[PDB]
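Below, chains carry the letters A, B, ... as their sequence lines are ordered, and counting in each starts from 1.
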Amino acid sequence: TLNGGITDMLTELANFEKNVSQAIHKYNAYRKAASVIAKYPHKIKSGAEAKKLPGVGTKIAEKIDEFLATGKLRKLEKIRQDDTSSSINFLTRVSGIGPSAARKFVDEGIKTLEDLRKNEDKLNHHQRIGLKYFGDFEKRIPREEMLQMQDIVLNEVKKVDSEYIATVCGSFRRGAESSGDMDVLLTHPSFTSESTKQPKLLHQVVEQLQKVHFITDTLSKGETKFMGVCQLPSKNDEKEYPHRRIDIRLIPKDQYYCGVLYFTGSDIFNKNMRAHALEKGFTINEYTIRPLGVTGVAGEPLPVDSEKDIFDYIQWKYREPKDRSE
DNA sequence: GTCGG
DNA sequence: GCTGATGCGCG
DNA sequence: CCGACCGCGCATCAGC
Ligand SMILES: [Mn+2]
Ligand SMILES: [Mn+2]
Ligand SMILES: [Mn+2]
Ligand SMILES: [Mn+2]
Ligand SMILES: [Mn+2]
Ligand SMILES: [Mn+2]
Ligand SMILES: [Mn+2]
Ligand SMILES: [Mn+2]
Ligand code: NA
Ligand code: NA
């Protein structure tokens, strides 16, 4: 946290451009500036010193100069006290409310958690669940709870079938002492790249996890990705655990290493790696790494036996999950 | 907003 | 009733 | 200067 003042303001500026300005590339530009400054090993003494980093241009060095001069930023003061901007920003904290719905609510005068209760009937299933667990979803998960969460899913999973393999990923796999949610990568030998039919795989795992009252709600469900809510079992009914976001992702077994690389993250690392893959003639997704043709068409998937195999393809020295929190 | 082309 | 553009989301 | 800026899964609903 050597430059947290600067990275905090860049993050709040990125969030402003996503939620209010609906400018995803200005959101991404600020996050990239913030991620690069988080990585810089000297305390930033001026915007000129920051402009030397890839991702920090004139306008950000200007905001850093103002921020170090005054301890504040005028642009952010305006945004915090703008009724629309701050109300839109607030609503996007509800899961299911993104920048479009937020702006439309505020245009209808719906602009506080109470207002969303009065108009519960204007929310889709996802939003209504995000309002229901609004506070719980902002609570972090101690790694101690994560470990009990991991033990419950792994046990239930192969109480459905021996051959399942469940890998908890996301920030937990990177050794985070606390996590935003639970991200679970799922595989099975009967579902590979050339597999057919099936897809009753995610459902039986989800259904089993519901049958033991671990999953409590569903945000979305498909044959490869599940998004929902879970909860650690209440200790003899004594101040229940917060409800938690869980994501389960079912990847073909022969594609496990691309899948685990993607789901381990972090998101900015994934974006940095895939960009770097692009320069060296590759395209990385959660299934394959494919070579880039002369034109722009992607080639056939390359053989992958390890997370490191992908790093070498793109001439990146392997970085362990702990070192992936970009 | 940024920076490579 | 249908669907594909749009929205929201995952790392 | 100018435009590209990772990659993809699922749900909703305007316009038929
Ligand atoms: Mn009100
Ligand atoms: Mn997560
Ligand atoms: Mn997640
Ligand atoms: Mn029951
Ligand atoms: Mn995330
Ligand atoms: Mn590079
Ligand atoms: Mn459709
Ligand atoms: Mn421009
Ligand atoms: Na720079
Ligand atoms: Na949201």
Side-chain angles (χ1 to χ4, degrees), chain A residues 10 13-14 16-19 21-36 50-64 75 91-105 122-130 137 167-174 176 179-185 199 202 218-228 245-251 255 258-279 282-290 292 296 298 314 321 324-326:
Chain A
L10 295 184
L13 279 156
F16 163 76
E17 308 282 2
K18 173 178 172 188
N19 298 324
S21 295
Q22 303 198 25
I24 196 77
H25 299 301
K26 272 160 109 130
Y27 159 76
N28 277 343
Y30 277 125
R31 292 224 299 153
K32 177 199 175 186
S35 153
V36 154
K51 178 144 162 133
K52 305 201 220 214
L53 312 179
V56 173
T58 317
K59 304 284 278 300
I60 286 177
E62 223 201 318
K63 300 198 178 74
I64 279 150
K75 193 171 181 51
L91 296 201
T92 74
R93 283 165 61 192
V94 182
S95 194
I97 303 192
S100 197
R103 173 167 298 272
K104 181 167 217 93
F105 286 137
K122 291 193 180 68
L123 313 195
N124 58 47
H125 175 74
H126 188 144
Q127 289 156 340
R128 225 176 299 208
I129 300 276
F137 287 2
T167 301
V168 178
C169 306
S171 82
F172 169 84
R173 179 145 194 272
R174 313 193 305 263
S179 290
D181 68 348
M182 211 196 190
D183 303 300
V184 180
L185 169 75
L202 186 46
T218 294
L219 308 189
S220 53
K221 200 172 177 297
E223 41 152 53
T224 166
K225 177 180 64 123
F226 171 84
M227 294 183 18
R245 280 272 296 106
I246 181 166
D247 297 316
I248 311 179
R249 196 53 210 275
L250 177 67
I251 297 277
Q255 279 170 357
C258 299
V260 83
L261 180 71
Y262 139 84
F263 223 10
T264 285
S266 75
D267 52 10
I268 281 136
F269 164 88
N270 286 359
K271 218 270 154 173
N272 290 157
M273 186 169 183
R274 285 158 186 222
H276 209 73
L278 279 178
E279 319 162 3
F282 296 105
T283 174
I284 294 181
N285 66 23
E286 71 261 51
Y287 309 107
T288 67
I289 173 162
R290 298 171 181 262
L292 262 206
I314 62 167
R324 300 230 202 120
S325 313
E326 219 142 80

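- If A:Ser220 and A:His25 are placed on DNA chain D by their nearest nucleotide, the residue sitting closer to the 5' end is A:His25.
- Note: CG (A:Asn285) to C1' (D:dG7) measures 6 Å, nearest angstrom.
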| query | Base, backbone or nothing for each nucleotide of nucleotides 4-11 of chain C, written B, S, -, heavy atoms under 4.0 angstrom, 5' to 3'? | reply | ---SSSBB
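- Under the 4.5 Å side-chain criterion, counting only non-hydrogen atoms from C-beta, A:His276 is not in contact with A:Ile284.
- When the P atom of D:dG7 is taken as reference, atom CZ of A:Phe282 falls 14 Å away, rounded to whole Å.
- As judged by a 4.0 angstrom heavy-atom cut-off over every strand, A:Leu278 is placed among residues touching the sugar-phosphate backbone only.
- Contact annotation for A:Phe269: no contact, since no heavy-atom pair falls under 4.0 Å across all strands.
- Between A:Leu250 and A:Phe226, every side-chain heavy-atom pair lies at or beyond the 4.5 Å cut-off.
- Salt-bridge check for A:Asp247 with A:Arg249: failed, with every basic side-chain N at 4.0 Å or more from each acidic carboxylate O.
- Distance, A:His125 NE2 to D:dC10 P: 16 Å, rounded to whole Å.
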Under-3.5 Å N/O pairs linking protein and nucleotides 3-5 of chain B:
unit_1, atom_1, unit_2, atom_2, d
B:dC3, OP1, A:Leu53, O, 3.4
B:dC3, OP1, A:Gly55, N, 2.9
B:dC3, OP1, A:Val56, N, 3.4
B:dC3, OP1, A:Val56, O, 3.2

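- Taking atom CD1 on A:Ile248 and atom P on D:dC10, their separation rounds to 13 Å, with Å as the unit.
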| query | Under the side-chain contact (heavy atoms from CB on, under 4.5 Å) criterion, do A:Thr58 and A:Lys51 qualify, and how do the steps go? | reply | CA-CA 7 Å; A:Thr58 317; A:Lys51 178 144 162 133; 2.7 Å; yes
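- Side-chain atoms of A:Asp183 and A:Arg173, non-hydrogen and from C-beta on, never get closer than 4.5 Å to each other.
- Residues A:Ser266 and A:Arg174 have side chains in contact (heavy-atom distance under 4.5 Å, counting atoms from C-beta outward).
- Among the nucleotides D:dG7, B:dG1, D:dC10, the one closest to any side-chain atom of A:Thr224 is D:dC10.
- Taking the side chain as every heavy atom from C-beta outward, A:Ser95 and A:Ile129 never approach each other to under 4.5 Å.
- Contact annotation for A:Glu223: backbone-only contact, meaning every heavy-atom pair under 4.0 Å involves sugar-phosphate atoms and none involves a base.
- A:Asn285 is not listed as a side-chain neighbour of A:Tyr262, based on a closest heavy-atom distance of 4.5 Å or more.
- Taking atom NZ of residue A:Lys221 and atom P of nucleotide D:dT12, one finds them 15 Å apart after rounding to whole Å.
- Considering only heavy atoms from C-beta on, A:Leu13 comes within 4.5 Å of A:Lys63 through its side chain.
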